[PDB]
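Visitor: So that we are looking at the same thing, I have put the structure below in structure tokens.
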Amino acid sequence: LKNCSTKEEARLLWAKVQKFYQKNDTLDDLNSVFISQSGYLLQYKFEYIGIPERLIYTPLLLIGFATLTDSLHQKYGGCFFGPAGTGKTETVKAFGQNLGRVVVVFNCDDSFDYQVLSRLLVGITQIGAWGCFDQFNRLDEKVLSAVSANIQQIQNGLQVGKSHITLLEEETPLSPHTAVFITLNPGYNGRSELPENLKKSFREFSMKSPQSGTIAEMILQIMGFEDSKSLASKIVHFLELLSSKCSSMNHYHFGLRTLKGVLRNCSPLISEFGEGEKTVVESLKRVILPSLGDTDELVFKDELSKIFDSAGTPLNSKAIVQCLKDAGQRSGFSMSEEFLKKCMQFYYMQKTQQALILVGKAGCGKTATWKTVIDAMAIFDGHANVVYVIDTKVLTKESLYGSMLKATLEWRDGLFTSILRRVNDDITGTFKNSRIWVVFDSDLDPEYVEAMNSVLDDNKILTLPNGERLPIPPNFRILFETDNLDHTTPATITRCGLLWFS
Amino acid sequence: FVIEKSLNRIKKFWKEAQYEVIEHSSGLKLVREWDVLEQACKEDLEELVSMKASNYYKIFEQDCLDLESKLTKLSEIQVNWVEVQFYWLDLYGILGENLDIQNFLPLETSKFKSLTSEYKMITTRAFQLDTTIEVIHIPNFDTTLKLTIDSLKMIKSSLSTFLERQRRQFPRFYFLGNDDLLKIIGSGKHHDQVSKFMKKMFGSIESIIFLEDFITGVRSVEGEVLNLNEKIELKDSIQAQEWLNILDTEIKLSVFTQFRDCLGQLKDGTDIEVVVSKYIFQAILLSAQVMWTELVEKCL
Amino acid sequence: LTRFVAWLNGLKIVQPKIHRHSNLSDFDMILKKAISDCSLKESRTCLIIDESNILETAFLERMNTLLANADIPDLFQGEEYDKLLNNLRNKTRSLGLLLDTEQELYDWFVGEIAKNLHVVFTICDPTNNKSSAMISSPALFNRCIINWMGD
Amino acid sequence: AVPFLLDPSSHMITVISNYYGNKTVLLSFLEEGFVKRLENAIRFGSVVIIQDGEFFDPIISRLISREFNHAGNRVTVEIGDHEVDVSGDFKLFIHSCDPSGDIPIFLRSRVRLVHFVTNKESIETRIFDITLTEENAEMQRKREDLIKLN
Amino acid sequence: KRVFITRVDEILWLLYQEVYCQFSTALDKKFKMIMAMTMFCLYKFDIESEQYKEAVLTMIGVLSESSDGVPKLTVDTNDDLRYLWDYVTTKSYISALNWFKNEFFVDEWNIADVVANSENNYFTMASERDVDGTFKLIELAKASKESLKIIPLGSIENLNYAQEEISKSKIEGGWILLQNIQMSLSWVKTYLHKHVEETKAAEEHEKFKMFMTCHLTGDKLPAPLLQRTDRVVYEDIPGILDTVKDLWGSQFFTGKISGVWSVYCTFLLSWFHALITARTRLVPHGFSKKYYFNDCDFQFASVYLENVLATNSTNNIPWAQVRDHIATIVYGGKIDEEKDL
Amino acid sequence: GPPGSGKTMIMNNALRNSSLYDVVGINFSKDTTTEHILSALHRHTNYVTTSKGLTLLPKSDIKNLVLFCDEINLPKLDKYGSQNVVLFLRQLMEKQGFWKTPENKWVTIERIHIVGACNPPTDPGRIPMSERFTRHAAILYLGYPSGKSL
Ligand SMILES: Nc1ncnc2c1ncn2[C@@H]1O[C@H](COP(=O)(O)OP(=O)(O)OP(=O)(O)O)[C@@H](O)[C@H]1O
Ligand SMILES: N#Cc1c(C2(c3ccc(Cl)cc3)CC2)nn2c(O)c(Oc3cccc(Br)c3)cnc12
Ligand SMILES: [Mg+2]
């Protein structure tokens with residue numbers, strides 16, 4: 001608002017921003033505060049929400065809020081399609097939290113029947129809560145047709161305003177406050193679409209993902225702002241120029257995921273140096289450098305020194321070097337400068353992440369590397385190291401993760417979950433005083449890492465088909481030792497530390 | 001011809017019909033593995049029907065007609081008996097055990113026990129005949145089972161309208177389901193077991209805090225404790241729906257109370273750091289939003 | 001012709017009675033029966049198989065294991081091995097030759113199979129993918145006297 | 001020889017039944033009680049028609065490839081382990097609903113394949129018959145009255 | 001059978017004329033020109049010489065991009081041809097594609113001609129979402145002096161009222177329309193399929209006629225139901241100015257109560273909607289892909305205009321925020337490609 | 001080596017004379033499983049529990065045991081190219097053990113040796129094995145014995 005020319009752009013901007021007003025003459029306390037945006041009004045409900053997670057405010061988030069309030073102004077059901085990973089339900093839940101509402105999410109087709117869905121619809125139609133159909137396209141045609149019929153009855157009762165509606169051949173009152181939202185995953189013939197009966201009652205939105213300069217500036221504002229705009233511009237230009245000159249490799253991922261990782265790695269490093277550009281340079285050299293090849297390390301250095309030159313000499317250059325040399329001597333290894341460099345690199349990388357990926361040719365020395373670093377840590381820190389090595393693709397997912405039996409519910413833990421149980425519940429042994437290294441030494445694929453995706457996410461939780469979440473402690477770190485990433489997603493790569501043995 | 005060779009094996013099979021019987025907790029004995037005998041019955045019926053297309057059976061028929069007339073009624077009693085078995089075993093785990101649920105519904109259980117006695121009579125008498133085919137000679141068995149499943153169906157229909165009306169009183173119960181609501185109604189006296197379901201029927205909060213006399217407040221899934229303004233009284237002659245509805249309105253009024261209190265403090269030139277340690281997150285968020293838009297309106 | 005020549009040699013004939021629902025477990029019972037007859041009864045069975053019978057590849061893998069060796073270990077696993085061992089002890093001792101350790105009897109067993117089991121594959125159209133897999137299988141190829149009864 | 005009636009236009013399964021009357025049993029490879037009832041039917045000597053031919057159940061092979069271990073007094077067939085006596089008067093028909101259904105080579109080389117499938121080349125047969133019906137009614141009358149009066 | 005009411009040389013040509021006269025109505029314009037050119041080739045290749053075949057094949061390969069050659073036209077065949085070649089050298093495609101149609105010398109059967117000529121009670125006119133065949137039925141049923149029920153297929157009550165009106169209207173004999181049968185297809189296969197699949201008697205043939213509105217892009221209709229009914233494709237595209245008058249005519253029914261400036265804003269919205277709709281049909285050029293726009297967008301844009309005008313002074317200022325609101329919320333909602341945005 | 005280059009005969013002769021190295025033969029195909037390998041091993045091997053070595057698998061005697069795993073490069077890989085049995089054999093050499101997944105405990109192998117045999121990867125239907133596996137073995141080539149020696 002400060003950078004506007006006159007009052008015209010200021011009022012244009014202010015129309016889009018959510019305004020929270022209060023009624024002084026209400027005497028109807030629960031209805032005092034209302035929310036105005038672009039001319040439309042919305043009554044605040046005083047529903048307890050606790051401490052929910054807050055999304056980063058971005059222009060596209062406010063555009064999604066504007067589409068929801070625009071559809072609700074005319075009592076129309078809200079729905080938006082787009083590629084997965086753009087935060088459709090997170091946007092809807094954040095929209096509900098902003099008005100003090102708890103959006104009840106309905107997970108569908110995950111062996112999800114239709115009886116309980118109709119029971120939830122009648123209950124949400126009585127309470128007046130807001131329901132969101134997460135990923136509505138993945139449904140069976142008979143269940144999708146019957147549920148779409150029920151949604152049609154609800155929306156028609158809202159548009160007309162009938163107090164009582166016939167649902168499930170049951171007469172039931174309809175509170176006017178209910179609203180339904182439909183998120184749609186991307187189709188396979190194109191983008192997925194709604195059934196024909198629902199097209200004349202919903203408003204479809206094209207929901208995607210944002211660019212990078214603005215989000216970069218915002219995160220930099222969080223960490224310490226000094227020169228937020230210039231640093232964000234320089235980082236984006238540097239990543240573009242890296243993608244420009246570096247060779248086209250499969251595992252190269254310079255997208256927004258990569259820069260969010262670089263900024264999350266910059267956050268604890270500011271505590272070491274300060275809220276300057278030097279911290280950004282060091283984070284980039286900690287994350288990006290180990291993933292680049294010999295041919296591309298000099299490209300990185302050149303472009304780095306080109307766009308911005310910051311510092312010259314790093315910290316922790318000698319005690320760890322000594323412990324490493326001792327470890328290599330105990331193993332009888334020759335402490336080549338490349339081996340030393342990679343050991344130190346790996347040592348620094350593992351400090352701020354739990355999922356490590358080490359890639360190279362067969363015989364590169366990667367296993368010697370990580371074991372030597374582990375022994376060096378055991379000397380320097382005085383903590384123990386417990387190591388488990390699992391050649392995971394010999395095992396099935398069911399033998400690794402759990403499963404269900406024929407009819408008995410009894411849960412087979414599976415190897416990786418059973419060891420994680422032992423790492424947490426034990427409370428006998430020095431696992432809290434140990435580093436725990438679980439090595440998944442094999443070629444990795446989408447299916448297995450998908451079954452454990454929430455561990456790579458900021459959740460740092462192992463989610464199980466059994467419905468339980470296992471929080472991983474800081475002691476627990478994971479190494480995917482392999483030789484290729486061909487069938488690995490960027491989504492996973494950007495959550496892990498990648499080390500390319502060139 | 002082969003007609004005799006088949007009737008012989010049929011009769012041989014049917015003079016060896018035995019039922020696996022095993023007795024559950026209470027006195028009655030349940031029958032296991034229905035499908036074998038029923039499938040044999042149906043198979044033999046289709047064979048007896050097909051015996052009508054032969055040519056060497058005209059004089060050889062009457063015996064097979066008696067056999068058919070026997071097996072048809074056997075299947076008739078088969079169907080009704082398995083249905084009675086299943087429905088009684090389902091209503092038993094709901095009514096035959098708890099005292100509170102039958103105190104709420106005295107009539108239906110009063111009928112349930114009267115049905116269980118007769119069913120015990122029939123089953124014991126039927127098992128002790130030691131030949132599954134001879135059961136059809138036991139008097140009043142088809143009509144018995146017919147009226148028994150009719151009575152069970154009536155009980156089960158009754159058993160659901162009371163729950164639906166309970167859902168109509170408190171619409172959050174729609175999220176719970178039949179099983180959980182049954183435990184809430186039976187365990188309303190103890191009062192602590194309801195707390196496990198509170199995350200399901202609310203979504204925000206986790207557990208309810210007690211002071212052994214009243215409800216001081218509830219805590220969320222994150223761990224933040226909420227203190228109520230008005231404490232909820234508890235007595236002996238109370239239902240779960242009553243104190244649950246009072247709790248439902250009270251938490252909304254307490255949220256508004258801390259919100260206007262927060263806004264009043266923030267209007268009175270206070271620090272955000274002192275307020276955060278005292279008021280909930282949602283109140284300080286809304287009060288901050290109101291004051292922010294209020295100061296920016298004149299700043300515009 | 002195979003039945004005829006088996007009859008001439010006084011062999012027992014076996015033809016698996018498999019249909020639209022027979023599975024690996026059933027074909028396993030067939031083979032355990034056959035092998036027990038060939039060994040314990042010494043019955044000298046010509047087991048005739050047609051490509052139509054191998055409606056899944058598990059049957060073909062088993063036949064590879066059979067002709068490559070003279071046994072299927074999976075058929076005689078666990079407690080069934082111990083039972084089998086008892087029977088063989090009895091069998092051998094019924095014939096008056098005595099062997100003590102498991103290896104000796106298992107060698108005897110396998111040799112008796114290796115001389116008392118004759119497997120014959122008919123294949124109607126070689127260009128079918130299943131037929132092509134049977135011809136190309138090395139365990140089959142390096143044992144079967146391939147003969148063309150073409151047209 | 002077992003006829004194999006390939007008619008997508010379902011109709012044959014009615015004309016056959018109208019011919020043989022009450023003794024026409026109808027069966028299917030997808031009716032999972034099939035095997036025992038078929039065994040029963042051949043013991044009785046019923047006529048049988050089997051639906052859904054683009055499926056086969058190899059146990060029936062001994063009906064198709066005629067074989068019956070001869071006995072003196074009787075005549076018996078192993079339909080699996082069931083050593084069933086043939087009642088002589090038995091007749092098997094197979095039917096099938098679509099030519100895109102594959103016929104197992106075992107069947108396809110024993111069974112008499114016949115098609116009732118509507119053929120476009122009936123245009124070629126029939127439109128001349130209507131062309132002459134509008135060209136010369138008397139000569140198309142002669143074309144039929146000659147042979148029928150003969 | 002219709003062909004009857006050098007004998008071969010006549011009846012063959014009249015058969016080609018009858019086939020194109022009857023089956024073209026059930027096809028869209030593109031397949032109409034495909035059938036016209038093809039059938040013309042099947043007739044002319046057997047009668048005329050090979051030189052005629054070679055000339056037509058090379059001209060089709062110049063219309064396409066298979067093989068481009070410019071042979072001699074033929075000798076003294078300039079009157080018979082050289083006109084498509086003349087259209088080729090000028091790079092004009094509409095006249096060249098319609099020349100094969102003008103060659104048939106067949107009065108192109110209108111929907112009125114097929115409904116009058118054929119003796120059937122069921123007709124389905126499927127069409128794209130761009131247009132609707134209802135307005136054609138308004139004039140056609142009024143010209144036939146029947147009536148025209150428009151039974152919308154909405155909820156279960158609408159379905160019950162639909163089957164009730166069907167079972168009564170067939171007895172009364174009035175014409176009915178079933179708009180958007182595709183959405184209630186699940187109800188169709190249960191009831192409507194069995195209802196109209198099998199013919200009953202001449203009681204319904206004398207009076208009753210039924211129409212069904214379908215959409216080409218969408219779910220597939222059942223084969224016996226589709227084969228039982230006659231098929232038409234309403235492909236009449238109105239003009240831009242005509243759509244402006246059609247949108248402007250609908251505005252004064254409900255009336256405008258906000259102000260005189262809202263009338264001017266509505267006029268601007270009508271022009272905007274007609275121009276986007278005009279650009280909608282051009283898929284390769286213009287919009288990147290084909291986006292469907294309905295009148296609901298007109299409604300939401302109109303309500304946003306009344307809301308901003310009811311709360312704002314008569315200055316020229318709100319034109320800053322109305323434009324983005326329309327291009328990002330009202331109309332930019334369906335669009336995913338930024339170029340089309 | 002090519003098919004018929006005395007690949008097995010040499011092993012069998014070398015070890016038959018020897019009293020130390022007994023042989024198990026495992027002839028692979030298109031879809032062999034790791035369970036087949038363990039079922040083969042079960043007849044010759046024994047399992048002992050120890051805290052230090054978890055589940056040791058010695059052979060059931062004092063000798064050494066050679067697993068002659070013939071045709072090791074045929075097991076059909078998945079669409080990602082992973083042939084799990086070759087990775088299992090890599091585990092047996094490189095790690096001297098494997099995981100027992102019904103028990104979820106580690107197994108250390110005692111004295112068991114691995115011998116592969118293969119027909120060159122250029123022949124029809126052969127799969128290129130992983131270098132990570134093959135790196136552990138002393139590969140040799142055998143060829144047909146010059147004609148004259150035959
Ligand atoms: N620091 C060192 N000094 C001397 N030699 C080394 C050193 N590191 C590794 N080597 C040699 O390189 C060999 C191969 O490396 P390593 O055994 O770690 O294989 P790897 O890189 O883990 O490959 P794979 O992907 O096949 O597991 C080692 O066996 C060792 O002989
Ligand atoms: N008897 C015999 C036999 C011989 C002969 C031989 C040659 C040299 C000598 Cl000094 C003595 C004998 C008799 C010609 N070669 N030969 C093989 O090459 C075999 O090679 C294999 C093994 C497994 C898989 C595949 Br594929 C091929 C297997 N057996 C034999
Ligand atoms: Mg390694």
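Ordering of the structure tokens sets the chain letters (A, B, ...), residue numbers begin anew at 1 in every chain, and ligands are numbered from 1 in the order given.
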Within 10 Å of ligand 1, counting only C-alpha atoms and all ligand atoms, which protein or nucleic acid residues do you find, written as a ChimeraX atom specification?
Guide: /A:325,327-329,331-340,343,358-372,441-442,481-484,501 /F:90,94,130-136
Visitor: Please identify all polymer residues within 8 Å of residue 104 in chain F, counting only C-alpha atoms, omitting same-chain residues fewer than 4 positions from it, and present them as a PyMOL selection string.
Guide: (chain A and resi 414-415) or (chain F and resi 99-100)
Visitor: Tell me as a ChimeraX atom specification which residues belonging to chain F come within 12 Å of chain A, counting only C-alpha atoms.
Guide: /F:33-35,77-92,94-107,130-136
Visitor: Just want the 6 Å neighbourhood of range 152-164 of chain E, counted on only C-alpha atoms, with same-chain residues fewer than 2 positions away dropped. Output as an MDAnalysis selection string.
Guide: chainID E and resid 166:167 179
Visitor: Would you please work out which residue, of E:41, E:216, E:210, E:11, is nearest to chain D when using only C-alpha atoms?
Guide: E:11
Visitor: If you run DSSP on the backbone here, which positions in range 53-147 of chain E get strand (DSSP E or B)? Please write them as a list in words.
Guide: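 Answer for range 53-147 of chain E restricted to strand (DSSP E or B) is residues 122, 123, 124, 125, 126 and 127 of chain E.
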Visitor: Keeping only C-alpha atoms, write the selected residues to a file as a PDB file, in the first residue's frame.
Guide:
ATOM      1  CA  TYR E 122     -38.411 -40.655 -31.309  1.00  0.00           C
ATOM      2  CA  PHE E 123     -35.709 -38.195 -32.342  1.00  0.00           C
ATOM      3  CA  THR E 124     -32.439 -37.228 -30.684  1.00  0.00           C
ATOM      4  CA  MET E 125     -30.616 -34.091 -31.736  1.00  0.00           C
ATOM      5  CA  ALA E 126     -27.204 -34.058 -30.204  1.00  0.00           C
ATOM      6  CA  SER E 127     -25.078 -30.959 -30.480  1.00  0.00           C
TER       7      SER E 127
END
Visitor: Looking at F:50, F:146, F:45, F:119, which one is nearest to ligand 2, with distances taken over only C-alpha atoms and all ligand atoms?
Guide: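 Nearest to ligand 2: F:119.
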Visitor: Give me, as a list in words, the contact residues of chain B against chain D at a cut-off of 10 Å, counting only C-alpha atoms.
Guide: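 Per the criterion, chain B yields residues 2, 3, 43, 46, 47, 50, 51, 52, 53, 54, 55 and 56 of chain B.
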